Amino acid sequence: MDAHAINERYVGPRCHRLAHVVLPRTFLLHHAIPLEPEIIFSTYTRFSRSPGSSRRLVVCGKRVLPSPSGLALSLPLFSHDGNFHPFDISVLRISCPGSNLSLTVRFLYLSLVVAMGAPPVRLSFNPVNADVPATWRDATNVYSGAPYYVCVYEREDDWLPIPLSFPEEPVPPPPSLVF
Amino acid sequence: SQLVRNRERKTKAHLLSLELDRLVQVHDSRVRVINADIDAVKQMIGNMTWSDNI
Amino acid sequence: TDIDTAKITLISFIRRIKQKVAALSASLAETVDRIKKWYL
Amino acid sequence: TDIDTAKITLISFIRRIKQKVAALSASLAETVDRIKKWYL
Amino acid sequence: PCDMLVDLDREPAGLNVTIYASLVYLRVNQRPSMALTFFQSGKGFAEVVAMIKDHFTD
Amino acid sequence: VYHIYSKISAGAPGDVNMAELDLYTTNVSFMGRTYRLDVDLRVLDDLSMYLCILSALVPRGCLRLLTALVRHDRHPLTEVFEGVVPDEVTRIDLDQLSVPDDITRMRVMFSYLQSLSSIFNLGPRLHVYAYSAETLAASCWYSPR
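Each chain carries its own residue count, running from 1 in the order of its written sequence; this scheme can depart from the entry numbering, and residues that have no coordinates do not appear. By the order in which they are written, chains take letters starting at A while ligands take numbers starting at 1. The structure shown is incomplete relative to its larger assembly, and all values pertain to the part shown. Only hydrogens and water are set aside; all other atoms, that is, all heavy atoms of the structure, feed into the side-chain values.

Turning our attention to the overall build of chain F. The numbering of helices and of strands both runs from the N terminus, where a helix is a DSSP run of H or I of at least 4 residues and a strand a run of E of at least 2. Helices and strands together make up the secondary structure of chain F, namely six helices and four strands. What you see in chain F, going N to C, is helices and strands ordered as α-α-β-β-α-α-α-α-β-β. Taking the principal axes of its C-alpha atoms as reference, chain F extends roughly 65 × 45 × 30 Å. To sort residues, take the accessible area from a 1.4 Å probe on protein chains only and compare it with the maximum for the residue type: under 20% means buried, over 50% means exposed, and anything in between is partly exposed. Across the 145 residues of chain F, 19% fall into the buried class.

Now the structure itself:
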């Protein structure tokens, strides 16, 4: 649960929003994610109806020991031109530095954006803290069908919902634009 | 084909509940505006006997 | 009578309309959540 | 000033609320009709 | 006194093991109050500064 | 300090107060005594171009060195000095410079870190152990570095 608040300081300014995500063991057992501390995560999003590539950002992940239990992460969400797309895959790539391991875990924004919906001079000292309380909201992955949790931390904010820009006609069917 | 018959079967059900949760979260974000607008008039009504006094 | 009649009119007519806007938010939170368990 | 101030208050505050009730009827007529062509 | 001196230590030895004096500022009972310890190692100045910071992490 | 603020008031005179400048710089207080120095500085035009060319590489250089060194095996005192860094320094986008540009803003930066640190830790000093204030004769022993 420290792995959320570390990423708000260092992954935070390089993004638009962070999707704070906690993956239970039921999600871990399907994708076979062996929780060693050597694993270096990396995230990038694959756009739709636009030139699809964003920059790769290294995201910290720490195992939570026990009210859920599992791997804690933080997924970057990218708002190109002021709004989110509904059909936009946020890809997580899991790999070890020394040994041979490469996993791809993919998340869609509608399973993330919906889940977000409810004299000597003094120097400023801002440590990393877990003081902020979590709100645990359910989610299900579209691609495997394994449940994962989404943290919504307390901080033109309460007035608006989180923006989306749905696709327009003509369009392929959304089971064929997801895959 | 029969794997596409199950992708198009399940992702028409997973994506359907995401749009219905989005639809409620549009609606509750606007009823909050109406309760912020009804209570703004009623607050001005509580001083309407004072605003007419000038 | 401008104080007394406008207090009983411009509040109680507003409170009966404000409680009916919340019925729209509570009906969808009952029925759209009913659609998923019954039909989806 | 009871005629002039209550005319600009108790109409224009009501017209801005009345136009927002119709936004709820137009949003469902746009989105529930969107669900059928996209997903059903 | 053996109370002040904190001894640090296959390691080579020269014709030398130095003795360092560290004077550490802190604050006890929300009032300023320093502290002084003595060290003893023949590890070279790049290592001892890394070894003193381990002693004063708390 | 005097050589830096006398270059801002040459470019823009409305930013430096001359009366505030020579009240805090020309007085030196040491050993309970005040020494009024004599200033009319082409000697210090090597430091002020090295200390200010280091002044902009440090806010990028301490964020770029923290985003790479994040792991389970982090040294525990760096969690404490993770808060002394200001708010505005932790909003730098490191993507706006290219990867061949971020190499030459470290190798340039690390040379102005060491070569500026070395000239103040130079040791041609000598330890006086006797001094007579009216004869001015002092005994000592030399000690290099």
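The interface is formed by 19 residues belonging to chain A together with 14 residues belonging to chain B. Salt bridges are counted wherever a side-chain nitrogen of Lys or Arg sits within 4 Å of a carboxyl oxygen of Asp or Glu. Applying the counting rule to chain A against chain B returns zero salt bridges. Counted as a polar contact is a pair of N or O atoms within 3.5 Å, where, for protein atoms, one must be capable of donating a hydrogen and the other of accepting one, and residues adjacent in sequence contribute only when both atoms are in side chains. Our enumeration of links across chain A and chain B arrives at three residue pairs in polar contact. Top contributing element to the side of chain A that touches chain B by residue count: helix α3 (residues 174-178) of chain A, with three residues. Residue contacts are defined here by distance: any two heavy atoms, one from each residue, within 4.5 Å place the two residues in contact.

Time to look at helix α2 (residues 12-39) of chain D. Multiply 1.5 Å by the residue count of a helix minus one, and that product is the helix's expected span. Relative to the 40 Å expected for 28 residues at 1.5 Å per residue, α2 of chain D spans 41 Å between its end C-alpha atoms, a close match to the ideal helical length. For α2 of chain D, the secondary structure elements touched by its buried residues are α3 of chain A, α1 (4-46) of chain B together with α2 (12-39) of chain C.

All names here are of chain A. Across the eight residues of strand β4 (residues 70-77), eight count as buried, placing the element largely inside the fold. Here, a strand pair is defined by DSSP locating no fewer than two bridges between the strands. Across eight bridges, strand β1 (residues 17-24) lies against β4 in antiparallel orientation. Counted as the bridge partner of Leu18 is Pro76 from β4. Pairing of strand β3 (residues 62-63) with β4, which is carried by two bridges, proceeds in the antiparallel orientation. Bridge pairing in β4 links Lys62 to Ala72.

Before going further, it helps to examine the arrangement of the chains. For this structure, the chain pair with the highest number of contacts among seven pairs of chains in contact is chains A and B. Here chain A and chain C are not in contact; the least distance found between their C-alpha atoms is 13 Å. When C-alpha atoms are compared, chain D and chain E, though not in contact, are closest at a spacing of 58 Å.

This part covers the nonpolar core. Counting residues in each nonpolar core, the largest one holds 55 residues, and the members touching the most others are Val21, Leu23, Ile94, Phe107, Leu110, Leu112 and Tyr148 of chain A. Apart from residues no more than four positions distant in its own chain, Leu112 of chain A is found in contact with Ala19, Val21, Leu75, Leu77, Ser90, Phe107 and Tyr148 of chain A. Listed in part, the eight residues of the second largest apolar core include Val31, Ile38, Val41 and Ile45 of chain B. Only buried residues count toward a nonpolar core, which is a set of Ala, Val, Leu, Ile, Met, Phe, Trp, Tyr and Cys residues joined through side-chain atoms within 4.5 Å.

What follows is about the sheet that holds strand β5 (residues 89-95) of chain A. Residues and elements named next belong to chain A. In space, the three strands of this open sheet follow the order β2-β5-β6, with antiparallel pairing throughout. What marks the edges here is a single partner per strand, and that holds for β2 (40-46) and β6 (102-108). Going from strand to strand, the sheet's axes swing by 20° on average, the running direction of each strand aside. Inspection of the sheet shows β5 paired to β6 by seven bridges, in the antiparallel sense. To define axes, lines are fitted to C-alpha atoms, for helices over the stretch in contact only, and angles between the resulting N-to-C directions are given on a 0 to 180 degree scale.

Another point: helix α4 (residues 57-68) of chain F. Here α4 of chain F is twelve residues long and its end C-alpha atoms lie 16 Å apart, about the 16 Å a rise of 1.5 Å per residue gives. Of the residues making up α4 of chain F, those classed as buried are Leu57, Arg60, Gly61, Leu63, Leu66 and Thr67 of chain F. Looking at the packing, one finds that the buried side of α4 of chain F touches α1 (2-10) of chain A together with α5 (99-103) and α6 (107-118) of chain F.

Moving on, we come to the sheet that holds strand β1 (residues 5-7) of chain E. The strands that make up a sheet are held in pairs by hydrogen bonds between backbone atoms, and each pair lies either parallel or antiparallel. All names here are of chain E. Sheet architecture is open: three strands sit in the order β1-β5-β2, paired in mixed fashion. Across the chains shown, the open sheet's two edge strands, defined by having one partner strand only, are β1 and β2 (18-24). Neighbour-to-neighbour, the strand axes of the sheet open up by a mean angle of 30°, direction not taken into account. As paired elements, β1 and strand β5 (residues 35-41) share three bridges and run parallel to each other. Along β5, the bridge assignment pairs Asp7 with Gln40.

Let us look at the interface of chain B and chain D. Each partner contributes to the interface: chain B provides 17 residues, whereas chain D provides 18 residues. Summed over both partners, the accessible area (1.4 Å probe) lost when two parts come together is defined as the buried area. Of the roughly 1700 Å² buried at the junction of chain B and chain D (both faces included), carbon and sulfur atoms supply 77%. The tally of links from chain B across to chain D stands at one salt bridge. Close ionic contact of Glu19 of chain B with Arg34 of chain D constitutes a salt bridge, the shortest N to O distance being 3.9 Å. Run the count over chain B and chain D and you get two residue pairs in polar contact.

Residue and element names in this part refer to chain A. Secondary-structure assignment places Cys15 in the loop between α1 and β1. On the accessibility criterion, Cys15 (13% relative accessible area) is buried. Taking C-alpha positions, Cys15 is 16 Å from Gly52, a pair spaced 37 residues apart along the chain. Other than its neighbours up to four places away in sequence, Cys15 contacts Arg55, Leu57 and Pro76.

Here we come to the pattern of salt bridges. The final tally for this structure, using the stated rule, is twelve salt bridges over all chains. Linked by salt bridges that have partners in common, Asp87, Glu88 and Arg91 of chain F make up one network.

Quick look at the packing of α4 of chain F against α6 of chain F now. Residue and element names in this part refer to chain F. The N-to-C vectors of α4 and α6 enclose an angle of 110°; their axes lie 11 Å apart at closest approach. In terms of orientation, α4 and α6 fall into the roughly perpendicular class. Crossing of α4 over α6 shows left-handed handedness. On α6, the residues touching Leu57, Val58, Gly61 and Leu65 of α4 are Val108, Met109 and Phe110. When grouped by side-chain class, the residues that make up the contact of α4 with α6 number six nonpolar, one polar and no charged. An angle counts as roughly parallel when it lies under 35 degrees, as roughly antiparallel when it exceeds 145, as roughly perpendicular when it falls between 65 and 115, and as oblique in every other case. Helix crossings fall into two classes, left-handed where the near helix is turned counterclockwise from the far one by less than a right angle and right-handed where it is turned clockwise. We call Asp, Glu, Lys and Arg charged. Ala, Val, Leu, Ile, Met, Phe, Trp, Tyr, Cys and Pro are nonpolar, and the rest, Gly among them, are polar.

Take it as geometry only, folks, not as evidence of what the structure does.
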